[PDB]
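Novice: What follows is a structure written as structure tokens; I'll ask about it next.
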Amino acid sequence: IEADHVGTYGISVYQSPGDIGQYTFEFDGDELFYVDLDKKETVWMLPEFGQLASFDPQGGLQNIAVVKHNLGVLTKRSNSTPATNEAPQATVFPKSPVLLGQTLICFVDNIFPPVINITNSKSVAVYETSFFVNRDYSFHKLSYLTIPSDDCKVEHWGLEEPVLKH
Amino acid sequence: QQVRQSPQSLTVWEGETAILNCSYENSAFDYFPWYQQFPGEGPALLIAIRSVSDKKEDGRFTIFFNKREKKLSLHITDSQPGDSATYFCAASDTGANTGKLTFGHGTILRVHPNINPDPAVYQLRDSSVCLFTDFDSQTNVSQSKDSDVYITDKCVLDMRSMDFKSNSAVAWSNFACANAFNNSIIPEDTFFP
Amino acid sequence: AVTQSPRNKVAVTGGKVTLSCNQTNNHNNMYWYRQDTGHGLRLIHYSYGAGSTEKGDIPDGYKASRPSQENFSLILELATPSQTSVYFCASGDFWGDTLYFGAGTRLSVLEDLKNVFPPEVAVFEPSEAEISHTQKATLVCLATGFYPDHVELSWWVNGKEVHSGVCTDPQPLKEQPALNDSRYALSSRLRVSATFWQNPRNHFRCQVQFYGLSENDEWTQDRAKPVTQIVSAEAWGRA
Amino acid sequence: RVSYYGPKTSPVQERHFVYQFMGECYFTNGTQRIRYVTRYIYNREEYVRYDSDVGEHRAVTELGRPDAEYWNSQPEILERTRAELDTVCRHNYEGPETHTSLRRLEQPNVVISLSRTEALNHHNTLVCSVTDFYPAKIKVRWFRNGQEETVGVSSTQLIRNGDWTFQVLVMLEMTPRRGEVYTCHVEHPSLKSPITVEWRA
């Protein structure tokens with residue numbers, strides 16, 4: 001399809017075991033807001049947009065419920081065919097020009113299922129964004145990291161062992 | 001947000017038109033069910049309208065919806081006494097995919113059974129109690145201001161085989177019947193054995 | 001349909017109280033309201049499906065639980081008198097446009113089990129005047145001194161329950177409308193064809209279903225314990 | 001405030017299983033043509049879809065025939081999904097999106113930078129970076145002493161920061177002859193008049 005703007009309204013995602021969920025609202029690639037499911041709270045990417053509009057998280061919670069339902073019935077319907085894993089890839093780039101003495105973003109794609117864990121060679125800690133929908137029904141997710149001077153570790157089931165992108 | 005039903009209770013004679021009202025603040029609202037509740041029972045959906053239409057008419061009942069002023073009105077015509085209930089008015093913004101329904105506080109309905117009736121007062125044997133029966137429903141009863149006199153609100157009997165609608169109220173204390181309803185406005189041509 | 005459970009409960013302040021709801025509608029959404037005069041129906045807890053619960057407008061004091069698609073349940077972990085009311089349970093479909101309610105539960109939270117008194121029931125026989133001016137015969141029933149207002153009244157002519165010609169008052173009456181623990185009386189009415197009453201082979205029964213304490217309660221007082229029970233008064237025909 | 005309404009997922013009657021729904025709204029010429037498309041995904045396979053251009057639930061796979069032939073019966077489900085083209089798409093575009101995304105405008109921050117250290121008369125590379133702007137229409141032209149240079153110019157692709165700001169870097173292969181004035185000339189729908197930032201030889 002070809003258009004001028006594309007709202008990706010009401011993205012529901014569920015997967016058991018563990019009943020993991022997500023409910024989100026995209027409009028032209030960027031995420032308007034998600035609904036935090038445990039806090040039952042709509043969390044806007046842009047706070048300013050939060051002051052200028054509103055979304056009732058209950059609609060997200062009901063929809064996720066319907067989706068848990070459909071997931072169960074369908075999991076039966078197929079003689080319980082399981083999900084195929086997918087090798088993920090990352091790319092790291094900086095948000096503004098990086099001048100020695102002055103945010104670092106990690107962009108992972110071909111994510112599936114929606115379970116990745118995102119990481120001087122020591123543990124460090126950041127903002128992470130909800131999963132974004134691709135056309136191939138895998139996902140991409142972004143992790144920020146807030147002083148440069150003289151990496152990204154990803155753990156997934158499609159990965160035999162993890163990988164890092166220095 | 002809130003939904004306000006007026007008047008908090010309404011009394012109508014048999015055959016007259018009950019007119020129950022409701023007004024909501026939130027203009028997002030587009031579904032308006034009315035739930036009827038009968039004593040001892042849970043409430044159940046009477047009749048619903050959606051903001052697209054201005055009236056859903058279901059035989060005896062009709063909802064009138066005003067989008068501009070944000071006002072409802074439920075009309076019951078030729079009302080029988082089986083309509084004496086509490087009526088609640090609900091609204092939801094269905095686009096909100098909430099689940100929640102917003103319930104107005106409710107009007108409480110009294111349908112006055114229409115009735116050549118000889119109003120009387122009798123005394124009954126203990127195996128004492130005063131019994132003011134066969135009063136036209138136009139008269140209103142009132143429990144004495146003086147205490148220890150237990151005068152109850154009016155009541156409607158309908159003996160199936162032989163018609164018959166009949167009003168009745170019982171006084172008792174621990175004390176004579178010609179005084180029992182003196183604190184009340186009785187018909188000038190009652191009967192006192 | 002929607003059967004709540006129990007439909008009458010009497011419990012003390014500080015003790016746990018568990019309402020229960022069962023719904024046979026293959027519905028997904030369940031709801032727990034309470035009805036109070038002047039504040040109408042107010043939502044307390046609800047549930048989109050097995051395992052999730054959501055807080056309605058008044059979740060204070062009560063915890064919910066949805067362990068089944070058919071079963072929602074309230075839990076008054078620590079009871080308070082302010083919790084005494086008519087509780088209600090409902091259910092509906094996803095995006096459904098109808099709420100399917102249960103019948104009701106009458107809950108009395110009390111400080112003292114002392115004030116729970118069964119009803120005293122008494123049957124007054126019709127005045128012969130009424131029988132010789134209208135040719136009808138109104139028996140009258142009096143259930144008295146009972147707390148709380150958890151009663152239901154029936155007539156019984158010749159062993160069968162009658163409605164044709166019956167009236168019972170709308171809500172009971174406080175014998176001393178100034179004591180918070182005031183006991184109640186309720187007055188009913190049976191009218192019968194005079195010639196059906198002067199037949200002394202007919203008998204007229206006044207039955208009262210009183211809902212009170214339970215076979216799992218402790219009683220610490222000299223008098224009889226006010227079990228949930230059935231109290232009646234009977235009369236017969238005359239000349 | 002204003003109203004972000006989501007669509008109403010119609011419902012169905014070590015391992016892992018994934019299920020996904022979405023309601024896509026393709027607008028052109030504002031609302032002069034809206035197309036609504038609704039997709040159901042089990043395990044990366046779209047199996048049912050409501051495409052407004054059809055007007056009915058069509059199955060994308062064998063798993064889809066049951067749910068599509070089902071939802072097409074009960075119109076309490078169909079006519080609702082059919083009209084979501086206004087209750088969700090149209091309503092959302094003409095409502096909250098205007099007060100937010102269709103209203104966001106952030107002007108670019110533009111900075112020239114000489115990647116290898118300056119050595120006059122030696123060849124070097126200028127980097128006009130352009131950061132932090134919305135929407136994504138932007139045009140960045142280079143000038144070597146006031147004359148558009150398209151030769152030896154390489155811009156990146158557009159870069160989604162994902163926080164509603166883009167990025168583009170534009171490289172010029174050039175060589176500092178003294179007194180020369182390179183200017184990065186940036187044109188954006190958030191700019192009343194184009195931006196020009198200069199770098200003197």
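Naming works like this for the structure tokens: A, B, ... for the chains as they're shown, residue 1 at the start of each chain, ligands 1 onward in shown order.
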Tell me the residues of chain C close to chain A, meaning within 12 Å using only C-alpha atoms, as a list in words.

Specialist: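 For chain C, the answer reads residues 27, 28, 29, 46, 47, 48, 49, 50, 51, 52, 53, 54, 55, 56, 69, 93, 94, 95 and 96 of chain C.
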
Novice: Using only N, CA, C and O atoms, please write the residues we just selected to a file, as an mmCIF file, in the first residue's frame.

Specialist:
data_model
loop_
_atom_site.group_PDB
_atom_site.id
_atom_site.type_symbol
_atom_site.label_atom_id
_atom_site.label_comp_id
_atom_site.auth_asym_id
_atom_site.auth_seq_id
_atom_site.Cartn_x
_atom_site.Cartn_y
_atom_site.Cartn_z
ATOM 1 N N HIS C 27 -18.924 -15.844 29.415
ATOM 2 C CA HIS C 27 -18.517 -14.455 29.409
ATOM 3 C C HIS C 27 -17.095 -14.322 29.912
ATOM 4 O O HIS C 27 -16.538 -15.226 30.537
ATOM 5 N N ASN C 28 -16.523 -13.151 29.648
ATOM 6 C CA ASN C 28 -15.131 -12.885 29.954
ATOM 7 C C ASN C 28 -14.957 -11.810 31.007
ATOM 8 O O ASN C 28 -13.986 -11.871 31.769
ATOM 9 N N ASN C 29 -15.892 -10.872 31.108
ATOM 10 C CA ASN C 29 -15.779 -9.752 32.031
ATOM 11 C C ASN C 29 -16.703 -9.947 33.230
ATOM 12 O O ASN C 29 -17.867 -10.335 33.076
ATOM 13 N N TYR C 46 -13.237 -5.469 39.098
ATOM 14 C CA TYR C 46 -13.668 -6.139 37.878
ATOM 15 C C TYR C 46 -12.510 -6.950 37.303
ATOM 16 O O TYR C 46 -11.403 -6.966 37.852
ATOM 17 N N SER C 47 -12.785 -7.665 36.209
ATOM 18 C CA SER C 47 -11.813 -8.629 35.696
ATOM 19 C C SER C 47 -12.113 -8.984 34.246
ATOM 20 O O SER C 47 -13.233 -9.399 33.916
ATOM 21 N N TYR C 48 -11.084 -8.855 33.396
ATOM 22 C CA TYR C 48 -11.200 -9.097 31.960
ATOM 23 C C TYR C 48 -11.135 -10.590 31.624
ATOM 24 O O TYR C 48 -11.606 -11.009 30.557
ATOM 25 N N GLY C 49 -10.583 -11.397 32.524
ATOM 26 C CA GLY C 49 -10.426 -12.824 32.304
ATOM 27 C C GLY C 49 -9.581 -13.416 33.411
ATOM 28 O O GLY C 49 -8.986 -12.697 34.224
ATOM 29 N N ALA C 50 -9.528 -14.748 33.421
ATOM 30 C CA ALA C 50 -8.870 -15.497 34.489
ATOM 31 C C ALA C 50 -7.465 -14.981 34.769
ATOM 32 O O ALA C 50 -6.605 -15.017 33.890
ATOM 33 N N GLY C 51 -7.223 -14.498 35.990
ATOM 34 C CA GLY C 51 -5.884 -14.189 36.469
ATOM 35 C C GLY C 51 -5.613 -12.709 36.681
ATOM 36 O O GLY C 51 -4.798 -12.350 37.544
ATOM 37 N N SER C 52 -6.269 -11.850 35.907
ATOM 38 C CA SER C 52 -6.157 -10.405 36.047
ATOM 39 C C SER C 52 -7.293 -9.883 36.905
ATOM 40 O O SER C 52 -8.437 -10.341 36.792
ATOM 41 N N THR C 53 -6.993 -8.909 37.750
ATOM 42 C CA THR C 53 -8.044 -8.111 38.350
ATOM 43 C C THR C 53 -7.687 -6.645 38.181
ATOM 44 O O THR C 53 -6.513 -6.267 38.093
ATOM 45 N N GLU C 54 -8.725 -5.832 38.106
ATOM 46 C CA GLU C 54 -8.583 -4.400 37.937
ATOM 47 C C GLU C 54 -9.386 -3.694 39.025
ATOM 48 O O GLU C 54 -10.418 -4.197 39.485
ATOM 49 N N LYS C 55 -8.883 -2.545 39.467
ATOM 50 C CA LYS C 55 -9.497 -1.798 40.563
ATOM 51 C C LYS C 55 -10.583 -0.872 40.024
ATOM 52 O O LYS C 55 -10.301 0.016 39.220
ATOM 53 N N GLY C 56 -11.812 -1.061 40.477
ATOM 54 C CA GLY C 56 -12.870 -0.117 40.183
ATOM 55 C C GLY C 56 -12.715 1.154 41.003
ATOM 56 O O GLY C 56 -11.667 1.441 41.579
ATOM 57 N N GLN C 69 -12.732 -18.639 34.540
ATOM 58 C CA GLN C 69 -13.483 -17.770 33.652
ATOM 59 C C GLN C 69 -14.909 -17.609 34.144
ATOM 60 O O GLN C 69 -15.602 -16.674 33.729
ATOM 61 N N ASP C 93 -19.689 -9.688 27.884
ATOM 62 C CA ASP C 93 -18.773 -10.094 26.827
ATOM 63 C C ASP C 93 -17.800 -8.970 26.477
ATOM 64 O O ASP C 93 -18.091 -7.787 26.668
ATOM 65 N N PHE C 94 -16.633 -9.350 25.960
ATOM 66 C CA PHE C 94 -15.735 -8.392 25.314
ATOM 67 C C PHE C 94 -16.501 -7.445 24.408
ATOM 68 O O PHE C 94 -17.278 -7.886 23.563
ATOM 69 N N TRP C 95 -16.282 -6.139 24.576
ATOM 70 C CA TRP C 95 -17.008 -5.125 23.803
ATOM 71 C C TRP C 95 -18.514 -5.353 23.839
ATOM 72 O O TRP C 95 -19.242 -4.809 23.002
ATOM 73 N N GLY C 96 -18.983 -6.156 24.792
ATOM 74 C CA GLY C 96 -20.403 -6.422 24.888
ATOM 75 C C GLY C 96 -21.168 -5.192 25.304
ATOM 76 O O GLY C 96 -20.644 -4.305 25.984
#

Novice: Show me, as a ChimeraX atom specification, every residue of chain B with an atom at most 8 Å from chain C, counting only C-alpha atoms.

Specialist: /B:40-45,97,99,103-106,122-129,148,150,152-161,170,193

Novice: Tell me as a PyMOL selection string which residues belonging to chain B come within 10 Å of chain A, counting only C-alpha atoms.

Specialist: chain B and resi 94-100

Novice: Would you save the residues from that selection as a PDB file, in the first residue's frame, using N, CA, C and O atoms?

Specialist:
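Below is the file that was written, out38.pdb:
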ATOM      1  N   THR B  94     -17.783   4.252  24.074  1.00  0.00           N
ATOM      2  CA  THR B  94     -17.435   2.911  23.616  1.00  0.00           C
ATOM      3  C   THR B  94     -16.097   2.906  22.898  1.00  0.00           C
ATOM      4  O   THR B  94     -15.339   1.931  22.990  1.00  0.00           O
ATOM      5  N   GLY B  95     -15.792   3.986  22.178  1.00  0.00           N
ATOM      6  CA  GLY B  95     -14.490   4.128  21.578  1.00  0.00           C
ATOM      7  C   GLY B  95     -13.396   3.947  22.605  1.00  0.00           C
ATOM      8  O   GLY B  95     -12.287   3.512  22.268  1.00  0.00           O
ATOM      9  N   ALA B  96     -13.701   4.246  23.872  1.00  0.00           N
ATOM     10  CA  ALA B  96     -12.687   4.158  24.914  1.00  0.00           C
ATOM     11  C   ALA B  96     -12.294   2.719  25.241  1.00  0.00           C
ATOM     12  O   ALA B  96     -11.315   2.511  25.970  1.00  0.00           O
ATOM     13  N   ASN B  97     -13.017   1.731  24.704  1.00  0.00           N
ATOM     14  CA  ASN B  97     -12.740   0.306  24.936  1.00  0.00           C
ATOM     15  C   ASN B  97     -12.458   0.030  26.412  1.00  0.00           C
ATOM     16  O   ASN B  97     -11.530  -0.708  26.753  1.00  0.00           O
ATOM     17  N   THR B  98     -13.304   0.608  27.291  1.00  0.00           N
ATOM     18  CA  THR B  98     -13.032   0.636  28.736  1.00  0.00           C
ATOM     19  C   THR B  98     -13.445  -0.663  29.406  1.00  0.00           C
ATOM     20  O   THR B  98     -12.662  -1.283  30.138  1.00  0.00           O
ATOM     21  N   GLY B  99     -14.681  -1.088  29.164  1.00  0.00           N
ATOM     22  CA  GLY B  99     -15.332  -2.088  29.988  1.00  0.00           C
ATOM     23  C   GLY B  99     -16.261  -1.395  30.960  1.00  0.00           C
ATOM     24  O   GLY B  99     -17.424  -1.774  31.096  1.00  0.00           O
ATOM     25  N   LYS B 100     -15.754  -0.336  31.595  1.00  0.00           N
ATOM     26  CA  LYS B 100     -16.508   0.387  32.607  1.00  0.00           C
ATOM     27  C   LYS B 100     -17.777   0.994  32.013  1.00  0.00           C
ATOM     28  O   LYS B 100     -17.815   1.467  30.870  1.00  0.00           O
TER      29      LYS B 100
END

Novice: Just want the 10 Å neighbourhood of residue C:217, counted on only C-alpha atoms, with same-chain residues fewer than 6 positions away dropped. Output as a ChimeraX atom specification.

Specialist: /C:11,113,225,227

Novice: Write the residues you've just listed into a file as a PDB file, in the first residue's frame, and include N, CA, C and O atoms for each of them.

Specialist:
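In the end it all went to selection.pdb:
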ATOM      1  N   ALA C  11     -21.819 -10.682  59.542  1.00  0.00           N
ATOM      2  CA  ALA C  11     -20.475 -10.922  60.048  1.00  0.00           C
ATOM      3  C   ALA C  11     -19.994  -9.733  60.865  1.00  0.00           C
ATOM      4  O   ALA C  11     -20.525  -8.623  60.769  1.00  0.00           O
ATOM      5  N   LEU C 113     -22.553  -9.133  67.693  1.00  0.00           N
ATOM      6  CA  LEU C 113     -23.533 -10.165  67.376  1.00  0.00           C
ATOM      7  C   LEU C 113     -24.738 -10.116  68.302  1.00  0.00           C
ATOM      8  O   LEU C 113     -25.728 -10.808  68.049  1.00  0.00           O
ATOM      9  N   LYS C 225     -29.560 -18.776  70.371  1.00  0.00           N
ATOM     10  CA  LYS C 225     -28.764 -18.189  69.290  1.00  0.00           C
ATOM     11  C   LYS C 225     -29.627 -17.990  68.051  1.00  0.00           C
ATOM     12  O   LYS C 225     -30.384 -18.897  67.675  1.00  0.00           O
ATOM     13  N   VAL C 227     -30.012 -18.417  64.900  1.00  0.00           N
ATOM     14  CA  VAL C 227     -29.770 -19.146  63.661  1.00  0.00           C
ATOM     15  C   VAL C 227     -30.710 -18.636  62.581  1.00  0.00           C
ATOM     16  O   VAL C 227     -31.771 -18.054  62.848  1.00  0.00           O
TER      17      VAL C 227
END

Novice: Sorted by chain and rising residue number, which residues of chain A lie within 7 Å of chain D, and what are their closest atom pairs and distances in Å to one decimal, counting only C-alpha atoms, as JSON lines?

Specialist:
{"residue": "A:3", "atom": "CA", "partner": "D:28", "partner_atom": "CA", "distance": 5.3}
{"residue": "A:4", "atom": "CA", "partner": "D:28", "partner_atom": "CA", "distance": 5.0}
{"residue": "A:5", "atom": "CA", "partner": "D:27", "partner_atom": "CA", "distance": 5.4}
{"residue": "A:6", "atom": "CA", "partner": "D:26", "partner_atom": "CA", "distance": 4.8}
{"residue": "A:7", "atom": "CA", "partner": "D:25", "partner_atom": "CA", "distance": 5.0}
{"residue": "A:8", "atom": "CA", "partner": "D:24", "partner_atom": "CA", "distance": 4.7}
{"residue": "A:9", "atom": "CA", "partner": "D:23", "partner_atom": "CA", "distance": 5.3}
{"residue": "A:10", "atom": "CA", "partner": "D:6", "partner_atom": "CA", "distance": 5.0}
{"residue": "A:11", "atom": "CA", "partner": "D:22", "partner_atom": "CA", "distance": 4.6}
{"residue": "A:12", "atom": "CA", "partner": "D:21", "partner_atom": "CA", "distance": 5.0}
{"residue": "A:13", "atom": "CA", "partner": "D:20", "partner_atom": "CA", "distance": 4.5}
{"residue": "A:14", "atom": "CA", "partner": "D:19", "partner_atom": "CA", "distance": 5.4}
{"residue": "A:15", "atom": "CA", "partner": "D:18", "partner_atom": "CA", "distance": 4.5}
{"residue": "A:16", "atom": "CA", "partner": "D:17", "partner_atom": "CA", "distance": 6.0}
{"residue": "A:17", "atom": "CA", "partner": "D:16", "partner_atom": "CA", "distance": 6.3}
{"residue": "A:30", "atom": "CA", "partner": "D:162", "partner_atom": "CA", "distance": 5.4}
{"residue": "A:49", "atom": "CA", "partner": "D:100", "partner_atom": "CA", "distance": 5.7}
{"residue": "A:52", "atom": "CA", "partner": "D:99", "partner_atom": "CA", "distance": 6.4}
{"residue": "A:53", "atom": "CA", "partner": "D:2", "partner_atom": "CA", "distance": 5.0}
{"residue": "A:54", "atom": "CA", "partner": "D:3", "partner_atom": "CA", "distance": 5.8}
{"residue": "A:55", "atom": "CA", "partner": "D:4", "partner_atom": "CA", "distance": 5.1}
{"residue": "A:63", "atom": "CA", "partner": "D:9", "partner_atom": "CA", "distance": 6.0}
{"residue": "A:66", "atom": "CA", "partner": "D:11", "partner_atom": "CA", "distance": 6.0}
{"residue": "A:70", "atom": "CA", "partner": "D:12", "partner_atom": "CA", "distance": 5.3}
{"residue": "A:71", "atom": "CA", "partner": "D:19", "partner_atom": "CA", "distance": 5.5}
{"residue": "A:73", "atom": "CA", "partner": "D:13", "partner_atom": "CA", "distance": 6.7}
{"residue": "A:75", "atom": "CA", "partner": "D:17", "partner_atom": "CA", "distance": 6.9}
{"residue": "A:82", "atom": "CA", "partner": "D:15", "partner_atom": "CA", "distance": 5.5}
{"residue": "A:83", "atom": "CA", "partner": "D:17", "partner_atom": "CA", "distance": 5.3}
{"residue": "A:95", "atom": "CA", "partner": "D:161", "partner_atom": "CA", "distance": 6.7}
{"residue": "A:96", "atom": "CA", "partner": "D:131", "partner_atom": "CA", "distance": 6.5}
{"residue": "A:137", "atom": "CA", "partner": "D:44", "partner_atom": "CA", "distance": 5.1}
{"residue": "A:138", "atom": "CA", "partner": "D:44", "partner_atom": "CA", "distance": 6.8}

Novice: Any idea what's packed within 10 Å of residue D:59, counting only C-alpha atoms, ignoring anything in its chain fewer than 6 positions away? Could you give it as a PyMOL selection string?

Specialist: chain D and resi 40+46-50+65-69

Novice: Between C:10, C:223, C:149, C:71, single out the one closest to residue C:111, counting only C-alpha atoms.

Specialist: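 Closest candidate: C:10.
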
Novice: Quick one: residues within 10 Å of residue A:101, only C-alpha atoms, excluding same-chain residues fewer than 3 positions away - as a PDB file with C-alpha atoms, in the first residue's frame?

Specialist:
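Saved as result_13.pdb:
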ATOM      1  CA  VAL A  98      29.994  13.060  19.342  1.00  0.00           C
ATOM      2  CA  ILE A 147      30.825  11.381  27.969  1.00  0.00           C
ATOM      3  CA  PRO A 148      33.208  10.114  25.228  1.00  0.00           C
ATOM      4  CA  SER A 149      36.960   9.523  25.563  1.00  0.00           C
TER       5      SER A 149
END

Novice: Pick out the closest residue to chain B from this set: D:87, D:196, D:81, D:61. Count only C-alpha atoms.

Specialist: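 For chain B, the nearest of the given residues is D:87.
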
Novice: Check chain B with DSSP on the backbone and list each residue it calls strand (DSSP E or B), as an NGL selection string.

Specialist: :B and (3-4 or 9-13 or 18-24 or 31-37 or 44-50 or 55-58 or 61-66 or 71-76 or 86-92 or 102-103 or 107-112 or 120-125 or 129-133 or 155-158 or 165-171 or 191)

Novice: Write out the residues from the selection above, keeping C-alpha atoms, as a tab-separated table (two decimals), in the first residue's frame.

Specialist:
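Here's the written file out12.tsv:
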chain	number	residue	atom	x	y	z
B	3	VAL	CA	-24.30	11.31	35.13
B	4	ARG	CA	-27.18	12.98	36.98
B	9	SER	CA	-38.03	9.53	42.73
B	10	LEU	CA	-41.30	9.94	40.81
B	11	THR	CA	-44.94	8.95	41.40
B	12	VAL	CA	-47.39	8.40	38.55
B	13	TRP	CA	-50.98	7.17	38.38
B	18	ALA	CA	-43.65	8.39	33.40
B	19	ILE	CA	-40.88	10.82	32.27
B	20	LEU	CA	-37.44	9.91	33.63
B	21	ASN	CA	-34.49	12.19	33.01
B	22	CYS	CA	-30.74	12.05	32.79
B	23	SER	CA	-27.87	14.34	31.84
B	24	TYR	CA	-24.21	13.46	31.31
B	31	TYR	CA	-23.95	4.42	24.35
B	32	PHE	CA	-26.85	4.98	26.75
B	33	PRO	CA	-28.40	1.89	28.29
B	34	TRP	CA	-31.17	2.12	30.87
B	35	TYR	CA	-31.30	-0.60	33.50
B	36	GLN	CA	-34.48	-1.42	35.41
B	37	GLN	CA	-34.29	-2.85	38.94
B	44	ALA	CA	-31.26	-5.84	34.01
B	45	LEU	CA	-31.06	-3.92	30.74
B	46	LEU	CA	-34.35	-2.23	29.95
B	47	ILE	CA	-33.58	-0.21	26.83
B	48	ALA	CA	-30.49	1.35	25.22
B	49	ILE	CA	-29.91	4.10	22.63
B	50	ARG	CA	-26.78	5.20	20.75
B	55	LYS	CA	-35.12	7.98	19.60
B	56	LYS	CA	-35.37	4.24	20.06
B	57	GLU	CA	-39.04	3.34	20.61
B	58	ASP	CA	-39.72	-0.10	22.13
B	61	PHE	CA	-40.89	2.78	26.31
B	62	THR	CA	-39.18	5.47	24.25
B	63	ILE	CA	-35.77	7.08	24.76
B	64	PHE	CA	-35.37	10.66	23.62
B	65	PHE	CA	-31.74	11.63	23.09
B	66	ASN	CA	-30.46	15.20	22.68
B	71	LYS	CA	-29.93	15.34	27.75
B	72	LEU	CA	-32.00	12.14	27.88
B	73	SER	CA	-35.64	11.37	28.63
B	74	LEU	CA	-37.25	7.93	29.05
B	75	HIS	CA	-40.99	7.88	28.41
B	76	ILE	CA	-43.20	5.09	29.74
B	86	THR	CA	-35.78	2.03	40.21
B	87	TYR	CA	-34.49	3.06	36.78
B	88	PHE	CA	-30.79	3.68	36.23
B	89	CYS	CA	-29.35	5.57	33.28
B	90	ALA	CA	-25.91	4.57	32.06
B	91	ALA	CA	-23.43	5.97	29.54
B	92	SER	CA	-20.11	4.84	28.11
B	102	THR	CA	-20.97	4.97	34.11
B	103	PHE	CA	-24.21	4.68	36.13
B	107	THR	CA	-35.06	7.61	39.74
B	108	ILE	CA	-37.44	5.56	41.88
B	109	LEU	CA	-40.84	4.96	40.36
B	110	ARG	CA	-44.24	4.61	42.05
B	111	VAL	CA	-47.18	3.69	39.78
B	112	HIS	CA	-50.43	4.57	41.63
B	120	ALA	CA	-62.79	2.16	56.28
B	121	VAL	CA	-60.87	1.47	59.52
B	122	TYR	CA	-61.26	-1.85	61.38
B	123	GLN	CA	-59.79	-3.49	64.51
B	124	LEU	CA	-58.37	-7.01	64.39
B	125	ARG	CA	-58.23	-9.81	66.97
B	129	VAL	CA	-54.19	-3.83	65.35
B	130	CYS	CA	-55.97	-1.07	63.40
B	131	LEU	CA	-56.52	-1.47	59.64
B	132	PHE	CA	-57.34	1.45	57.31
B	133	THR	CA	-58.41	-0.19	54.02
B	155	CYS	CA	-50.00	-0.92	50.12
B	156	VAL	CA	-51.82	-2.31	47.09
B	157	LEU	CA	-53.71	-5.63	47.07
B	158	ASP	CA	-55.07	-7.32	43.91
B	165	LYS	CA	-57.23	-3.26	43.52
B	166	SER	CA	-57.32	-2.07	47.14
B	167	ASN	CA	-55.27	0.22	49.37
B	168	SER	CA	-54.39	-0.60	52.95
B	169	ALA	CA	-52.30	0.56	55.92
B	170	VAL	CA	-51.88	-0.98	59.38
B	171	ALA	CA	-51.38	0.84	62.69
B	191	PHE	CA	-66.19	4.46	58.17

Novice: One decimal, in Å: what's the spacing between atom CA of residue D:179 and atom CA of residue D:201?

Specialist: 5.0 Å

Novice: Provide the atom CA of residue B:68 to atom CA of residue D:31 distance in Å, to one decimal place.

Specialist: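 Going from atom CA of residue B:68 over to atom CA of residue D:31, I get 25.5 Å.
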